[PDB]
Structure formats: structure tokens, C-alpha cells
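Everything on this sheet refers to the single structure shown next.
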Amino acid sequence: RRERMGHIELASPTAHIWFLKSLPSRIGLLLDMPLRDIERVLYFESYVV
Amino acid sequence: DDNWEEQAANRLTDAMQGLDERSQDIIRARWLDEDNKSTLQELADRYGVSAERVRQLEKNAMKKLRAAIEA
Amino acid sequence: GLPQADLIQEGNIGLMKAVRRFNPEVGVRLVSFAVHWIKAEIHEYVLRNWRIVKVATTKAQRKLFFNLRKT
Amino acid sequence: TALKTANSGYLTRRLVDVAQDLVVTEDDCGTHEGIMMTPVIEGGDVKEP
DNA sequence: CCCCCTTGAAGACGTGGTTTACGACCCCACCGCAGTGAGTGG
DNA sequence: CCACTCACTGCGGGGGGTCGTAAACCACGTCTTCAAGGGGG
């Protein structure tokens, strides 16, 4: 019981906070998008084309 | 605890060697076997003895077993 | 002590159940009909999440959970 | 006295972490260069011979 | 003191008939530091 | 135009009513081996 791991199937995809909020942001740098716009899109405040 | 239980088992084995051949199989079958637990009647037919005779034989054999162990 | 957002969503599911089982010919407003369904979903969520382990499971325990607070 | 010990310990930890992996590994190297050693004098007083 | 009975019953192990009981589901009209970012103005 | 901040951020020291299943049994019983005693100093 100290070695066996489980898993949870997510109904919808979720972003990893380490690759988002740890400066410099990896997702923002890869997408060349501002971090604020990514945060707004992720937490359901605006749309993205 | 493992050391204490191992040295007590060896005393049982040494004591069982002093028993007669017929008495050893009586104790071994009923008490030492794990797959089967031989009853009084089953040992009676194998050696042609009475049902009480098998039961009465264990008492004397166990006294000898205790005497060797306690000494 | 439970989050307000979690309680709201539990009630939303209860509201949908009352809507699916609404008879317009009775003449009563949906507000009075759905009040029993919404509070039933919230009560069940509090029982299962008030502590790390469920406190009330049987019939008698559930009655005492909501009455001992006032008594 | 009560407050300087934490700063001393932090500086010691930083020095140990930066310098921890240096070990003498060779008997001799083929270099010929070096540094110039001279006595130090400040204000006309020979501080160190 | 080896041997086969006796003879009366004490407990021994299920056992799923019989019967509660649990659990679940349904309705309810400081500290200084450094890297970042706009944000100018040019 | 890229220079030159400066505000910003992050880092260390509530009701009732049914149903199914692993508990939860009290009877259930017949098996075991409990055995009273039997004889060879």
C-alpha cells in the first residue's frame, strides 16, 4: 500500500498550474500569448479563436 | 519472538523422537498435520485398535512428551 | 462550513429534477413544488461531507443529526 | 548577538552548497602560470608579511 | 498394565432456514533582493 | 528608433417507504470425541 498508485479520469481537461503560474510561463512562451489572456480564457472569462 | 519460538519447536522434535513408533504417528497425524486432522476412528482401523485405545494412547504419550520437554 | 459554490450546484441538480416532474394542471407555482427537491439535495451533501468520515448512515442517525443541533 | 546567528548560518549554508562538489582529483597538472604574492601595507603599516 | 468394548452424553461445526439489521435507493404540488513589464518619449 | 525608468511580482530568513446483501445471527443437528467403567502384579 506504500507503492501502489491510482488514477482519476477527468471529465474535462485541466491545466497544470506549475506550467502556467511559475514564471516564466511555459505555456505562454510556447504560444507567444500573454499570461493574462491565457488566465482569462482558462477560468471562463473570454473566448479565443 | 522468532528466536524463542524456534528453540521451543526443536524441543518438541527431540521429545517426539523418544516416543515409540506407533505413538509418534498418533501425535503427528492428529496434531502436526495441516492438510488433514486424523480423528480417533481413522487411526483405529489403520492399526486395528479400538476408538478409545487411540484416545487413551495420546494421554500417556503426551505425558512422555511433557516429561522430556520439562527436563 | 462547506463552500458556498458547492452547495449552490447541489441545489441546481435538485431544481432540474423538480422541473422534469412538474404537472402544470395542478395550478401551484413551481417555486413551492421545487423547495422540497432543492433542500433534499443539499441535506444529502452535508451528511457525506461534513467530516472526513460519514457521521450518519442509518435511519435513526439521520434523524438525530438535524435535531440534536436545536435540542 | 541573538540576531546575527541566523545570517551567519544562511551564509555558511550558501557557501557549503556552492562549494560542496570540489575534490582534489589529480597529483599534478601541466600549468606554468600563477599569482604574484607580496606583503600588504596600508597606511605605512605592514599588515601581513 | 497391554488390549478390544461400551452407553451416556458433551460439545463440535456448521447452516442456510429464519430473521433482524445495515446501507442505499426511491417520492415529497519585515527584508533586501532581482527579474518583469509596460511605457513612456524619442 | 531603442533608451531608462518604475510599478509589479516572486524569492530567501427532513419526512416515509422498499429492496438487496454482506453482517448477523437463534434456533437449528449431527456429528465429532467428550466419554462412567471394563482388565495385565
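Only heavy atoms go into these numbers, but all of them, side chains included; no hydrogens, no water, no symmetry mates. The chains referred to below are lettered A, B, ... by the order of the sequence lines, with proteins before strands, and numbering in each begins at 1.
The side-chain heavy atoms of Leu57(B) and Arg53(B), taken from C-beta on, include a pair separated by under 4.5 Å. Side-chain contact between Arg46(B) and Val54(B) is absent, with no heavy atoms from C-beta onward closer than 4.5 Å. You'll find the side chain of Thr14(A) stays beyond 4.5 Å of the side chain of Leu42(A), heavy atoms only. Taking the side chain as every heavy atom from C-beta outward, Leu40(B) and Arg30(B) approach each other to under 4.5 Å. Looking at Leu43(B) and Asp25(B), their side chains never come closer than 4.5 Å, going by heavy atoms from C-beta outward. Between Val35(C) and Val31(C) there is no side-chain heavy-atom pair separated by less than 4.5 Å.
Distance from the side chain of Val49(B) is smallest to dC4(E) among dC22(E), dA29(E), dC4(E). Of all nucleotides listed (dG13(F), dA29(E), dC2(E)), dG13(F) comes nearest to the side chain of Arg13(D). Among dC25(E), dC4(E), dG38(F), the nucleotide with an atom closest to any side-chain atom of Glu52(B) is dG38(F). Candidate nucleotides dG13(F), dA38(E), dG15(F) were compared by shortest atom distance to the side chain of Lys63(C), and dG15(F) ranks first. Distances from the side chain of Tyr10(D) to the nucleotides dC22(E), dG13(F), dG14(F) place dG13(F) closest. Closest contact between the side chain of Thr39(B) and the listed nucleotides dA29(E), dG10(F), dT33(F) involves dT33(F).
Summary of the strand contacts: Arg55(B) and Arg62(C) both lie near DNA chain F, and taking for each the nucleotide with the nearest heavy atom, the more 5' one is attributed to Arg62(C). Nucleotides of DNA chain E nearest to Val28(C) and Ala51(B) differ in position, and the one nearer the 5' end is that of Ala51(B). With the nearest nucleotide of DNA chain F identified for both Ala40(C) and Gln41(B), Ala40(C) has the one nearer the 5' end. Mapping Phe33(C) and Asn60(B) onto DNA chain E by nearest heavy atom places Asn60(B) closer to the 5' end of the strand.
Side-chain nitrogen and oxygen atoms of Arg22(B) include at least one within less than 4.0 Å of the OP1 or OP2 phosphate oxygen of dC3(E). OP1 or OP2 of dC27(E) has not a single side-chain nitrogen or oxygen of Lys39(C) nearer than 4.0 Å. Contact annotation: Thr57(C) side-chain N/O to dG23(E) OP1/OP2 distance is under 4.0 Å. One finds a side-chain N or O of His36(C) lying less than 4.0 angstrom from the OP1 or OP2 phosphate oxygen of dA29(E). Contact annotation: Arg53(B) does not reach the phosphate of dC1(E) (side-chain N/O to OP1 or OP2, under 4.0 Å). OP1 and OP2 of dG37(E) both lie 4.0 Å or more from every side-chain N or O belonging to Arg36(A).
Within 4.0 Å (heavy atoms only), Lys70(C) reaches sugar-phosphate atoms of the nucleic acid but no base atom. Residue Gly9(D) is classed as having no contact, given no heavy-atom separation below 4.0 Å to the nucleic acid. Among the heavy atoms of the strands lying under 4.0 Å from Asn67(C) are primed sugar atoms or P, OP1, OP2 only; no base atom is included. Within the 4.0 angstrom heavy-atom criterion, base atoms lie near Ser50(B). Across all strands, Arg14(D) comes closer than 4.0 Å to no nucleic acid atom at all (heavy-atom distances). Base contact: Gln56(B) has a heavy atom under 4.0 Å from a base atom. Note on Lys17(C): nothing from the nucleic acid sits closer than 4.0 angstrom, heavy atoms only. Residue contacts for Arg21(C): at a heavy-atom cut-off of 4.0 Å it reaches a base atom on one of the strands shown.
Using the Watson-Crick or G-U wobble rule with both distances under 3.5 Å, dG15(F) pairs with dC27(E). Under the Watson-Crick or G-U wobble criterion, with both distances below 3.5 Å, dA38(E) is paired with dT5(F). Here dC13(E) sits opposite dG29(F) as a Watson-Crick or G-U wobble pair (both hydrogen-bonding atom distances under 3.5 Å). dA36(F): no Watson-Crick or G-U partner with both key distances under 3.5 Å is found in any strand. Across the strands present, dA22(F) finds no partner; the criterion is a Watson-Crick or G-U wobble pair with both atom distances under 3.5 angstrom. Base-pair partner of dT19(E): not found among the strands shown (Watson-Crick or G-U wobble, both distances under 3.5 Å). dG10(F) is paired with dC33(E) under the criterion used here, namely a Watson-Crick or G-U wobble arrangement in which both key atom distances are under 3.5 Å. Within the shown strands, nothing qualifies as a pairing partner of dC2(E) under the Watson-Crick or G-U definition with both distances less than 3.5 Å.
For the P atom pair drawn from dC4(E) and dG8(E), the interatomic distance equals 23 Å after rounding to whole Å. Nucleotides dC19(F) and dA29(E), compared at atom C1', are 27 Å apart to the nearest Å. Separating the P atom of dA38(E) from that of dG10(F) is a span of 13 Å, rounded to the nearest Å.
Rounded to an integer number of Å, the gap from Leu43(B) CG to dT33(F) P is 11 Å. The interatomic distance linking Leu3(D) (CG) with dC30(E) (P) rounds to 16 Å, in whole Å. We find that CG of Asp37(A) is positioned 14 Å from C1' of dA38(E), with the value rounded to whole Å. Taking atom CD of residue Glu44(C) and atom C1' of nucleotide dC27(E), one finds them 15 Å apart after rounding to whole Å. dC33(E) atom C1' lies 16 Å from atom CG of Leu23(A), rounded to whole Å. Following rounding to the nearest Å, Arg69(C) (CZ) and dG14(F) (P) show an atom-to-atom distance of 11 Å. The nearest whole Å value for the distance from the CG atom in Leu47(C) to the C1' atom in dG23(E) is 13 Å.
Evaluation of the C1'-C2'-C3'-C4' torsion of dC34(F) gives a positive value and hence a north sugar. For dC4(F), the sugar pucker falls south, since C1'-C2'-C3'-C4' comes out negative. Regarding nucleotide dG14(F), the torsion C1'-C2'-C3'-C4' is less than zero, so its sugar is described as south. In this entry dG38(F) carries a north-puckered sugar, per its positive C1'-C2'-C3'-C4' angle. For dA24(F), the sugar pucker falls south, since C1'-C2'-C3'-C4' comes out negative.
In this model, a side-chain donor or acceptor of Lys59(C) finds a partner on the base of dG16(F) within 3.5 Å.
Stacking of the bases of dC28(F) and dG29(F) is not indicated, since the six-membered rings fail the criterion of centres under 5.5 Å apart and planes under 30° apart. Neighbouring residues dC28(E) and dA29(E) fail the stacking criterion, which requires the centres of their six-membered base rings to lie under 5.5 Å apart and the ring planes to differ by under 30°.
Annotation for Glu3(A): atom CD does not count as buried by contact number, only 12 or fewer foreign heavy atoms lying within 6.0 Å.
In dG42(E) the base sits anti relative to the sugar, since the glycosidic angle is further than 90° from 0. With a glycosidic angle more than 90° from 0, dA12(E) adopts the anti conformation.
The residue from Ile38(A), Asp37(A), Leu31(A), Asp32(A) that alone fulfils the side-chain contact (heavy atoms from CB on, under 4.5 Å) condition with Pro34(A) is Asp37(A).
Ring orientation note: the planes of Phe19(A) and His16(A) are nearly perpendicular, at an angle over 60° on the 30°/60° scale.
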TODO: Begin from the C-alpha positions of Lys21(A) and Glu39(A) and carry the test side chain to side chain contact (heavy atoms under 4.5 Å, CB included) through to its verdict.
DONE: CA-CA 9 Å; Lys21(A) 189 71 177 177; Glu39(A) 270 194 316; 3.7 Å; yes

